Amino acid sequence: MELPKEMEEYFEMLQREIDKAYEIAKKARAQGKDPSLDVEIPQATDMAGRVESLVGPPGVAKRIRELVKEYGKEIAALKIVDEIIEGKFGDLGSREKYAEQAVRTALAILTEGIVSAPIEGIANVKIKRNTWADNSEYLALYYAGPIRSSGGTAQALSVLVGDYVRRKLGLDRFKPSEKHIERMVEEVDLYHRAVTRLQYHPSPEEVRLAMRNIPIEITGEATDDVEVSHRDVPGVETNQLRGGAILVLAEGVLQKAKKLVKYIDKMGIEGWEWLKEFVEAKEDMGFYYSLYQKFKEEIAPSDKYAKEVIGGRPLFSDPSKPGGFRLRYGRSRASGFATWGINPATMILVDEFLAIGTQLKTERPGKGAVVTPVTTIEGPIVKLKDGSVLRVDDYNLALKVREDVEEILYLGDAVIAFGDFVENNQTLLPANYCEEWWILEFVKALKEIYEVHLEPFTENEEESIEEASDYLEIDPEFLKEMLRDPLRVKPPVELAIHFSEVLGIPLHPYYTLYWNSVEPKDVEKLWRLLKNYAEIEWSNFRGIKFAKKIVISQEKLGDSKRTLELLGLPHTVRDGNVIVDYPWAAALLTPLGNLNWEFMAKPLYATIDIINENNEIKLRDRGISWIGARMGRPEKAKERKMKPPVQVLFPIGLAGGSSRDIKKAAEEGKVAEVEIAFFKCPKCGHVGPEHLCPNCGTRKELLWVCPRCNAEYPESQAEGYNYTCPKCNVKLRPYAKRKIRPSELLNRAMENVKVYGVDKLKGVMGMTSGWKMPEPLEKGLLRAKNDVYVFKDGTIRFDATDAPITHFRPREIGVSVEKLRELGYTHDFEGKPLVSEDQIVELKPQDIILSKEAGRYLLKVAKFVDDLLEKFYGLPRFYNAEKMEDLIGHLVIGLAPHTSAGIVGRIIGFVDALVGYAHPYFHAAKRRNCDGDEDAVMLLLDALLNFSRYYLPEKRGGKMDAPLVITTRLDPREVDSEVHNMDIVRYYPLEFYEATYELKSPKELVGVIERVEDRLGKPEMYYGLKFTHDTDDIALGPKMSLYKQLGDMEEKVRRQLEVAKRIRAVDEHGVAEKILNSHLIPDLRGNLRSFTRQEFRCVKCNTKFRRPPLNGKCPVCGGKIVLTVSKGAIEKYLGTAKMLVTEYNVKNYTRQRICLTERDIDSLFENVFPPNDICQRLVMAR
Amino acid sequence: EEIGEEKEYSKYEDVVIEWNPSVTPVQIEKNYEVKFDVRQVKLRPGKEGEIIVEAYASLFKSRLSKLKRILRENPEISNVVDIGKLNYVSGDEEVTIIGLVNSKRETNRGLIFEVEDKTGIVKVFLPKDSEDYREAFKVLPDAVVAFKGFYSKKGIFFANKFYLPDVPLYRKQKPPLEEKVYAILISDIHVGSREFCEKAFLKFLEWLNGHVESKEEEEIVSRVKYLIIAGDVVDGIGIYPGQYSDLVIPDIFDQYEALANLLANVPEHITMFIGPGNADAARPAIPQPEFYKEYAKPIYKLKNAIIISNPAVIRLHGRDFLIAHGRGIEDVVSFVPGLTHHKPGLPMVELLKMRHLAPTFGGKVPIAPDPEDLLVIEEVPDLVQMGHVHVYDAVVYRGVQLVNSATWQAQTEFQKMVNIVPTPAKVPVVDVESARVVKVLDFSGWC
Amino acid sequence: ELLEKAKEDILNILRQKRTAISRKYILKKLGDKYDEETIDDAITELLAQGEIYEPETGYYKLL
Ligand SMILES: [Fe+3]
Ligand SMILES: [Zn+2]
Ligand SMILES: [Zn+2]
Ligand SMILES: [Zn+2]
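Chains B, A and C, in that order, give the protein sequences.
The first sequence runs 1 to 283, 309 to 1195, 1205 to 1216 under the entry's author numbering.
The second sequence runs 166 to 210, 218 to 619 under the entry's author numbering.
Take any residue in the third sequence, count from 1 to its spot, add 205: that is its number in the entry's author numbering.
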């Protein structure tokens, strides 16, 4: 590729920094104090290198690179499989080895080398024979637990690759008996009932159809301990349930059948007709009256998100109900991938249950979303406690009037991108009327009438502005500012009316009330009331008559005041009168013709239709489309600790206590019998767990023990003997059960690193790795001194929620222009030089914005690294950081919990919110989207120094979530498919808006709106992306959610129901029953059932007894015996349930169940412990 | 779990069934006395957990004492020594130990137990060649048993016999009755369900009123003076998730009112005994004292009804009738292989020869905290009645008759999911003089 | 006759676009074809005849 000058320089600068880190990492490791003599994280620059360095075989990178450009990466996998079978890459051995290597390599190529499915998901590949049917050979694939988190798309491709390999090796099909099919049908349903709710639950007929045709077996080892009815099935070695295989069958081939069909068609695989057949079989009146009916028929409300309600997680809007979330089409600076954008005022008025980064269970576009503040869009309309109505579009106003709010008539707006609609295949909803539509109509009208060409959102030529201003008789500066920023700059009402009369465009959306939210009869009554009992003050503007003030008495108005509230018309109540102020009197009286023509209700017509029939100024619908949502999974930004906190990976056993404190064991001078590996010095013969000899100063060799005769062999002899004991002819091991003295080791380490003042130092009960090599204790001492924690591999990690960002301002992240110029930034997004902190700058692919908590933790980690380099290795310091602002320009590694490949990033700033901001390409490179996912960041030098493959767990899944290979360049072509649907246009055109009323599928509009996919291959995919909606600040709003300040369940339920009561579009009575049926009755009944079948425990020991001891004491300890399920567990939720039953109007079934539960709890404990109430009234009425 | 809109149902308010003038009842005096009732005992009189643990300990100690007293009645049992006193005696002297059963393990040469008494815990080994090896092969945990053998200083009690508290092999024959009296046993009505048989129950009610086709049935009906119901009179609410859609009368008050309206057509000279069950509005754990009066009032006001506990013993003309709902049959089936449903007589034999209605703790039968155990069969009865299995069977073991009343509910989906095929609308007829079943009625043709 | 042609052109301009039209646009469009004096003469003759009327100063519309 031929990139511009900037991108190549940026990548070269990143490479120079990486090389600078690697040089120190290499110098430090060569001293011999670590498990290896070289850095254990290789770097790769493309998919081919990652595939070669993850699954092999050696020498495959060049072939992949050659074949990809020729065929296109789908035929390349097949060609690589063919070449591996033929033996071009060496002689592997038996046919099973060839099959395993080919399957792993092909799946890695198709998956792009990031997901750990080829490494851990697939366990074995074996050849088996159809003994019962024909004695013919077939191919079998075994799956492990890690396959359950590898994604749906990776599961089906494995089946496809297995089928291709078995076809290429000249094998036969898998022919199942009826017993196999019946067992699979039972197993799927049993798994769904017992252990986990499958996202897609297949019908038994579909399961049978799948089992009858797949040419390869789908089996594995038992994961859960649940027995099955069908037992001793030939060819299946476990009577227990298998999880990975059934999740593959349910979610890969069935759920993602269409993608598999597309891959089959593109690749050319034959024999997959049944899947294609299954896929194809699977799939006199007013204007607005008809539009509403057709919308209701074609698009139906969805209530899947509101099935479950959890206490403390409120519900904000009912499914497709006016007064909820308005739908606005667009993408903000910090949203678009899967992220919504809402006004910060909405967050405050819901009692701060929503904070930046909080997940939402959404109805229409997708299942989940994340919130991010947008200031340009509108906010809630509220009713005060004295009857006044206000519009809140500011943070300060919401902060000021929160305590006086009585009802929330409208929640606000939501900004959802077109790319999400394309991704989820959601039919377009009718668009509401907004400013960007109005400005397009404005410029089109100017072009048609006066032949003057103008463009919104850009800088137009001066002469055109002057000519248009002369024609329209307005100030040219105002016209320029309105065209440049139509969202923030709005004309007064008199200019809007003049524009509507002269140009012929509709009324401005700002001054249009929710006219279709009220029936025509209410408007008919309001018309007579306003004509008879109202005093109005008039005004003139260029021959146009508009109202200025309306005063009407409250007693005469009567119940028509609710019509004004439903119309969203601000007004005040004073001295028994209702007063309508300046801008809104015209908004109310102008669409009605200033009372010149009478308003009469007629059948099969709406309010806007009647208005448009006999009025000069036309209107458009403002609230046609609504969306509901619910809260789940608050935002997260915190450091990572293993379940018991661990500061060093050193085994201690039970000699340290529950906290596993090495220092405490050293003080008491105990002897611990742990299972650990030792080393032997070649010259003096010292034996110890350290690597360097404490006396000579020379590197030691590992000792191998024989499990039977207990003989020690150094590394050289063990290599010579082929790791077999000559006497016993058994396999040797690197570890043995040995006894150590913690006091001497700790004292020697303390003398070594000159650290003495440490109070606690926590290790592990037992090592998991096969080598069982311990970490040096000096590292633990330094970690304890600097108060940092260690993971399984040996690194320190920080976990946070991820949100997207594409453009930023220097003032938001607290960085001067000089530092940005030192970092390489020179221009803004419009092409002008960077001179001010208020400009908008495009974000480079691998630059990230951290949070304050992340900076606070990473400062400690940097101090730890510097201390380690200065004392342990005797090398100059690297970071030299005194404050978190000194980490700007340094490198990190991003990693996802379900992958085994990392990407390098660079820090450029900090924010106050609890999120992690990065380019969408950065998140796509970790195979994640921004709908509530959590990723990890770690410092590069710390990972290079401390990471070792020897520390990893032996069992499957230990290589998952580990930096086995990192990537130094970012290529949008090989990150993820979802990001290709994201839209990058500055503003949507008129064709989109007019096509919304026809209810089109988004695939018909792909050619109109530019997307990322159209730029792939060209040098333009790295720069030039744009956004629709601006935002003043990306960290404005509440930081922490209210769910974290509530401890008791009763307080949670009370706050939840208060929020439900305040919102107009939520039925609190319906919410009251959902809590009882989803969170309270199940727990009460489960605890009541489990009380009578519990176990008993001793306090000193931890022995479990299935029945109480007769003497009342522990048989061995003699200590006290205590319950497992106590009375407090049963009755913890009873008062809240009683309150819900007595206040809100619930069904009779629930009332009787709760009353019976009370009676049952009371009756069970009668022998042990010898007025206007809901239960008494219920039992007295009948 | 979603509850839909309300519905309109019926409560059987307009059912009247009269008496045939052809059948003239025979004048027989009534001799019914409730020998045992849970609400007759008075229980003797601070962290809650400590008191709960003490209550459970007292329960198990009381069970041990009662079953030890039952065991000692066997003449062949002699020279019983405490487990904590095992070291005093020599290693070649025969001794007998009595205690509960903690764990049973089957080895390649015999059986190994862990037997616990109030003084200690010992490990026992039963050789395979022992005659009473199959009886030890079927012993459920938490049952009081006895062992007879020598003790080795190595710490293993080598036994050669295994005893259980059984029914004695000889019992005196009761005196005859001047007149002949019959009784009828039914259970599991489940009023308020969709699968409840209505036409079958109405035909049953018309059989008690003298509408019969045969002369022998005319003879039998004129001599019926007792009717007994054991558990599951109503379907309840909230038993399992997904029950509202399976209910016709989804309210507890109207369920009991409907049961009262149906039962009012029972003839006047017949006396009814009704007891609680699993689904009924009563105590969540057994033993259950009675129904909640404020909920089940309509069946309290019947002028020929007596509410009894679970379990209870009824003496009819000098013959003892043990009546329990019978949830302990399920625990026997799970443990011992070869005993399945559709033949519930054999699990009943096991329960009887262990002389405890629900021995195992922590299984699938809930046991309530009580200072004293009331589930021990203290006196050998003449007839035992249970339910909960929905399959009819009747066996005789050493002079006692064990009868399992059927159900009035057709096959539900949960049963066909676990493969249980019930036998609906079958009614045993028993003779008081002999405590034996003389006839089985079949109303299953109608519904 | 050139005045009559100018009057016809002025009538044609307003018919195609059914809205109020500023005077500057008319002057620019007519432009070099007719000098300003003739444009004003045509406008005043049209207003005298009553074919068109002015809602505001500098704005004309069909009547
Ligand atoms: Fe039942
Ligand atoms: Zn040495
Ligand atoms: Zn050896
Ligand atoms: Zn203990």
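Positions of the beta carbon are idealized from the N, C-alpha and C atoms, including for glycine.
B:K20 and B:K27 have their alpha carbons spaced roughly 11 Å apart. Within the region 917-1000 of chain B, the runs of alpha helix (DSSP H) at least 4 residues long that lie entirely inside it are, in chain order, 945-949, 965-971. When the alpha-carbon of A:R281 is set against those of A:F330, A:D452, A:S250, the nearest one is in A:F330. Secondary structure at B:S650: coil, using DSSP grouped into helix, strand and coil.
DSSP places A:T279 in the coil class of the three-state scheme, outside both helix and strand. Shown here for B:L479: same chain residues with a beta carbon closer than 7 Å to its own, the five before and five after excluded, namely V468, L471, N485, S489, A493, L508 in chain order. Scanning the region 413-463 of chain B for uninterrupted beta strand (DSSP E) segments of 3 residues or longer gives 414-416, 430-435, 437-441, listed from N- to C-terminal end.
In terms of Cβ geometry, A:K375 and A:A432 do not form a close pair [threshold 9 Å]. At a cut-off of 8 Å, the beta-carbon of B:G795 does not count as near ligand 1: no heavy atom of the ligand is closer than that.
Per DSSP, the unbroken beta strand (DSSP E) holding B:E698 starts and ends at 697-701.
Here the C-alpha atom of B:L538 lies approximately 11 Å from the C-alpha atom of B:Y458. Bounds of the beta strand (DSSP E) holding B:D824 are 823-829.
At a threshold of 8 Å, B:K752 counts as near ligand 3, since its beta carbon sits closer than that to one of the ligand's heavy atoms. For B:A194, the shortest C-beta to heavy atom distance toward ligand 3 is 8 Å or greater.
Put simply, the residues with a CB less than 5 Å from any heavy atom of ligand 1 are A:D360, A:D404, in chain order. For B:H716, the CB stays at least 8 Å from every heavy atom of ligand 2. If you measure from each CB to the nearest heavy atom of ligand 4, the residues under 6 Å come out as B:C1123, B:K1125, B:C1126, B:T1128, B:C1139, B:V1141, B:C1142, B:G1144. Counting only unbroken stretches of 4 or more residues, the alpha helix (DSSP H) elements lying wholly within the region 511-590 of chain B are 518-528, 545-558, 579-582, in sequence order.
If you draw a 10 Å sphere on the C-beta of B:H852, you find fewer than 16 other C-beta atoms in it, and that means exposed. By the Cβ-count criterion, B:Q155 is buried, with 16 or more other Cβ atoms from all chains shown falling within 10 Å of its own Cβ.
Per DSSP, A:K611 is one residue of the beta strand (DSSP E) stretching across 608-614. When DSSP states are grouped into helix, strand and coil, B:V886 belongs to the helix group.
Identification of chain A residues near B:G1137 by a Cβ-Cβ cut-off of 8 Å yields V225, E226, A229, ordered along the chain.
The beta carbons of A:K397 and A:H362 sit about 26 Å from each other, so the pair does not count as a contact at 8 Å. DSSP, read as helix, strand or coil, puts A:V552 in coil. Inclusion of B:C731 in the 8 Å shell around ligand 3 follows from its C-beta lying nearer than that to a non-hydrogen atom of the ligand.
If only complete runs of 4 or more residues are kept, the region 761-840 of chain B shows the alpha helix (DSSP H) at 767-778, 802-811, 835-838, in order along the chain. Boundaries of the beta strand (DSSP E) around A:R491: 491-495. Between B:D438 and B:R353, the C-beta spacing is below 9 Å. Taking the Cβ of B:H711 as the reference point, at least one heavy atom of ligand 2 falls within a distance shorter than 8 Å. Straight through space, the alpha carbons of B:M211 and B:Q1119 are spaced by roughly 41 Å. At least one heavy atom of ligand 3 sits closer than 8 Å to the Cβ of B:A736. With 16 or more other Cβ atoms from the protein chains shown falling within 10 Å of its own Cβ, A:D554 counts as buried. DSSP places B:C1180 in no beta strand (DSSP E) but in the uninterrupted alpha helix (DSSP H) bounded by 1173-1189.
Following the DSSP letters along the chain, one finds C:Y264 inside the beta strand (DSSP E) bounded by residues 264-267. Of all residues in the region 1175-1192 of chain B, those with a C-beta nearer than 7 Å to a C-beta of chain A are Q1177, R1178, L1181, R1184, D1185, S1188, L1189, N1192, reading in chain order.
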